[PDB]
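> Numbered according to the UniProt record's numbering, the sequence shown terminates at residue 857, and the numbering increases by one at each position without gaps. Beta carbons are placed, not taken as given, at the ideal position from N, Cα and C, and that holds for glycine. Attaching a single structure in structure tokens format; questions to follow.
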Amino acid sequence: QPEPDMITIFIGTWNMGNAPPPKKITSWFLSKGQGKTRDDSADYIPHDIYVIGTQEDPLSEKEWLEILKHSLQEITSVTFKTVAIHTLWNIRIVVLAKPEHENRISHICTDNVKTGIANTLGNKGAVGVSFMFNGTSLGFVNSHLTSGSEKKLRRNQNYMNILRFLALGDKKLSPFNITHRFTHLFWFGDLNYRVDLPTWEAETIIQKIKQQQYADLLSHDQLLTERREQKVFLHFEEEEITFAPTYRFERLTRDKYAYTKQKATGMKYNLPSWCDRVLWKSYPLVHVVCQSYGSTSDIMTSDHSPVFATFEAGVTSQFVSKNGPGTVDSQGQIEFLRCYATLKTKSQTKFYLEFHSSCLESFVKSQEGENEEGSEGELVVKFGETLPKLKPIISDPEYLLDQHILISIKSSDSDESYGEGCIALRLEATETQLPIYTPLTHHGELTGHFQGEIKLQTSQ
Ligand SMILES: C[C@H]1CN(S(C)(=O)=O)CC[C@H]1N
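Structure follows, in structure tokens:
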């Protein structure tokens with residue numbers, strides 16, 4: 398039985414509105430309804446992994462697990478294995494996988510983050526799951542962010558708290574937050590970003606939705622506009638939205654948006670909005686293709702419609718050679734030429750680099766770089782030709798070209814990371830000087846750049 402080089406992953410997000418689901422929810426898992434939907438000819442083909450995010454979930458874990466497994470069994474005739482389930486208040490994540498994957502999946506981690514302080518601590522936050530699938534690290538975040546049209550800044554703050562404090566993936570990757578720890582990171586939930594149009598335009602918005610004319614609505618979607626101004630979800634992707642706003646519906650129909658202010662809403666309008674979203678971030682030059690992104694039309698127990706997204710994701714095998722793992726392979730090396738970091742920091746301390754990768758036996762610390770002034774104020778940290786020669790555990794190009802090097806630039810004074818980025822070894826050539834580049838971030842915000850040249854030697 399050969400190891401896969403591709404798997405398909407189903408991501409679902411549903412705010413259930415504290416109501417039990419209807420007896421049939423198979424349309425969700427089949428990516429049927431509005432938007433980018435899945436071909437009928439694929440209906441019996443199981444996804445490799447199903448990741449289900451719920452918000453305002455009134456069910457026990459046991460109750461929801463039985464509905465999800467019986468749903469997938471009716472679709473596929475496959476009895477899925479429970480990889481992980483984690484609940485914070487009414488925010489839940491379930492990960493199910495095909496039984497054939499049980500011994501491909503390891504290093505399962507779960508965590509949660511509670512967002513806000515006092516007033517604002519008690520029901521919003523995030524749950525997450527990570528694991529290895531063969532040689533590929535996968536992370537999944539289900540977040541329920543702050544509600545209300547006038548709280549997009551709060552949502553952006555909730556995002557930064559979640560990516561700073563959610564403890565998933567390889568704890569040895571100590572300078573790196575969840576936005577650098579995974580081959581593929583999927584972040585989804587009731588993110589609660591709204592279509593920011595005047596309240597007096599509610600009926601105009603509804604008109605536009607009935608005409609399936611989303612263009613003038615999406616131009617005011619707070620997640621797209623905040624992303625465009627680099628306020629949130631920097632270096633994440635989202636598929637184009639071609640489905641109607643998923644909030645706020647009258648229950649038991651999809652014929653009516655319930656937008657008017659009510660005691661029950663705290664006297665807030667809920668203009669139709671794309672609250673319910675799926676985004677991802679994969680390492681540079683790894684295959685990831687969105688194959689569906691849409692909403693169901695036939696699940697109406699909640700004031701939200703379920704959202705589905707499906708992805709092709711590149712995966713690698715658990716590589717064994719005669720040499721590594723458990724030693725180096727003298728035939729492999731990674732060299733760096735003409736390298737420099739450009740940092741936004743106003744501070745003047747010395748900096749060194751750390752290189753982290755599962756292709757190394759352990760992380761490597763460089764010598765301090767030489768600080769110079771950029772022509773536009775910037776701090777430029779020059780490494781020239783001084784960076785170490787990295788010794789990968791396996792030299793086979795079929796392994797080494799699929800790997801990545803995480804970089805942290807750390808202060809010599811404090812040993813705190815000022816920026817994190819990632820470099821793909823999927824080079825156009827080996828034994829050849831090639832440009833490399835990554836942006837650097839810290840707490841998910843842009844803090845600088847790293848650029849230079851790489852020279853990769855493999856056993857070929
Ligand atoms: C960075 C993405 C998404 N953005 S966006 C919606 O402005 O943030 C446009 C260009 C794309 N490469």
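Taking buried to mean at least 16 other C-beta atoms within 10 Å of its own C-beta, is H504 buried or exposed?
exposed
> Would the beta-carbon of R674 be found less than 6 Å away from any heavy atom of ligand 1?
no
> Just checking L824 against ligand 1 - is the residue's beta carbon closer than 6 Å to any of the ligand's heavy atoms?
No, Cβ of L824 sits at least 6 Å from all heavy atoms of ligand 1.
> Residues in the same chain with beta-carbon distance under 7 Å from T650, minus the five sequence neighbours each way, listed in chain order, please.
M697
> Compute every distance between the C-beta of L621 and the non-hydrogen atoms of ligand 1, then say whether any falls below 6 Å.
yes
> For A494, name the three-state secondary structure that DSSP assigns.
strand
> Just to confirm, does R651 get its C-beta within under 6 Å of one of the non-hydrogen atoms of ligand 1?
Not under cutoff, so the answer is no.
> Closest to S856 by CA distance: which of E547, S744, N720 and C819 is it?
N720
> Of all the options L676, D695 and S692, which has the alpha carbon lying nearest to the alpha carbon of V686?
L676
> Between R591 and ligand 1, is the CB less than 6 Å from at least one heavy atom?
no
> Taking Cβ to Cβ, would you say residue 865 is nearer than 7 Å to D587?
Outside the displayed span of the chain (398 to 857) sits residue 865, for which this structure offers no information.
> Does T596 pass the burial test, meaning 16 or more other C-beta atoms within 10 Å, or should it be called exposed?
exposed
> Which stretch, first to last residue, makes up the alpha helix (DSSP H) that contains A599?
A599 to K607
> Given that a residue counts as buried once 16 or more other Cβ atoms are within 10 Å of its Cβ, and exposed if not, what is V778?
buried
> For ligand 1, is there any heavy atom lying closer than 6 Å to the beta carbon of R552?
no
> Under three-state DSSP, which class holds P794?
Three-state result, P794: helix.
> With DSSP run on the structure shown, which of helix, strand or coil describes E471?
helix
> Quick one: any contact between the segment 644-664 and the segment 566-575, if contact means 3 or more CB pairs under 8 Å?
Output reads no: the segment 566-575 does not touch the segment 644-664.
> Is it the case that the Cβ atoms of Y690 and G432 are separated by a distance below 7 Å?
yes
> Is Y556 helix, strand or coil when you go by DSSP?
helix
> Quick check: the segment 523-541 against the segment 604-612, are at least 3 beta-carbon pairs closer than 8 Å?
no
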